[PDB]
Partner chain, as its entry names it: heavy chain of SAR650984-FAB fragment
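Take a look at this one chain, the form deposited without the partner chain, written out in structure tokens.
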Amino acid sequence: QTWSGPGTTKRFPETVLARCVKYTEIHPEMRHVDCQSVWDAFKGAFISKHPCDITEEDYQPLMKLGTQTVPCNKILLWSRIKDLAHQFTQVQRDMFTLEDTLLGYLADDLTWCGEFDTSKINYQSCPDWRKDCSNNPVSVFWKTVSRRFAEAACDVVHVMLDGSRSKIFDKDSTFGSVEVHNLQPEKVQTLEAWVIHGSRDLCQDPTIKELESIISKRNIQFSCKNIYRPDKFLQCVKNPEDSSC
């Protein structure tokens, strides 16, 4: 193929449009959104543009339309453990991840790119962030929304981390390279990490100490908890202290 990454997801346009409709139906705060407009702004960011030359400015019309307030003190970040984060917030909406927002919901699990000097979508391949370029439509989208999500957070912010990874905290992740550096010291009191086990006290892991030290220097308190049994954890969230939770 031209590029090394997978092509635009089959039915991408129909899918984004349908997700926008469904989202705006469910969430009253976004009932004002015109979904065709959202789609046109989304398209505008990457159609007829070189897919290794995308900027955050390309996504500004979309950011504008998807403008949204979520409770700033109930934010859940995560790294390498998306599924658990999603299952947790779905129980009773204790917290909100980026996918609980319109823009995050539209884009989750999709890939897309265009081509320079033709107005079509590329269903054959899209740039891989490593081999091709990092300035590609998908990578640039997530960097942009994740920066914005972190900037809006306040009070106690939580992050779920995968304890089974080689680096439980990875400075190379979007959490580690973007979100950590965009939490606002004026607003964020504490970052609390939940390290999910797959054992030891993983909160004393070296990369966790690194995370602690980094956020301390931004003037933010750090807290850490082991979640030894994600299965029991979810059961306790669903059945709160009904049992021995």
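Residue numbers count along the first chain shown, from 1. Rigid core: the largest C-alpha set superposing within 1.5 Å between the two forms.
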Note: with structures superposed on the core, the stretch whose C-alphas sit farther off in 4 other deposited structures of this protein, 88 to 96 or 134 to 142, is 88 to 96
Of the deposited residues between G198 and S199, the number without coordinates is 4 to 9
Looking only at C-alpha temperature factors in the entry, 230 to 238 or 217 to 225, the higher average sits in 230 to 238
Assert higher mean C-alpha B factor (58 to 66 or 182 to 190, deposited values) equals 58 to 66
When the entry's CA B-factors for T144, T118, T111, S173 are compared, the highest one belongs to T118
From the entry's CA B-factor values, the highest among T101, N73, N122, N135 is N122
Here the Cα B-factor of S139, set against its chain, lands in the third termed lowest
Tertile call for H158 (CA temperature factor, within chain, third-based) is the lowest
Split the chain's modelled residues into thirds by Cα B-factor; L211 lands in the lowest
Among the modelled residues of its chain, the C-alpha B-factor of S164 falls in the third labelled highest
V38: CA B-factor among chain residues, third -> highest
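This next part talks about the form solved in complex with the partner chain, which is not shown.
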Review point. Is there a heavy atom of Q68 lying 4.5 Å or less from a heavy atom of the partner chain in the deposited bound form?
Key: yes
For this session: Using the partner position in the deposited bound form, report whether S177 sits within 4.5 Å of the partner chain, counting heavy atoms only.
Result: no
Might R165 be said to contact the partner chain in the deposited bound form, defining contact as any heavy atom within 4.5 Å?
no
Exercise for the section: Mark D40 yes when one of its heavy atoms lies within 4.5 Å of a heavy atom of the partner chain in the deposited bound form, and no otherwise. Expected result: no
Checklist entry - For this chain shown on its own, do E57, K64 and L98 all sit within 4.5 Å of the partner chain in the deposited bound form, going by heavy atoms? => result yes
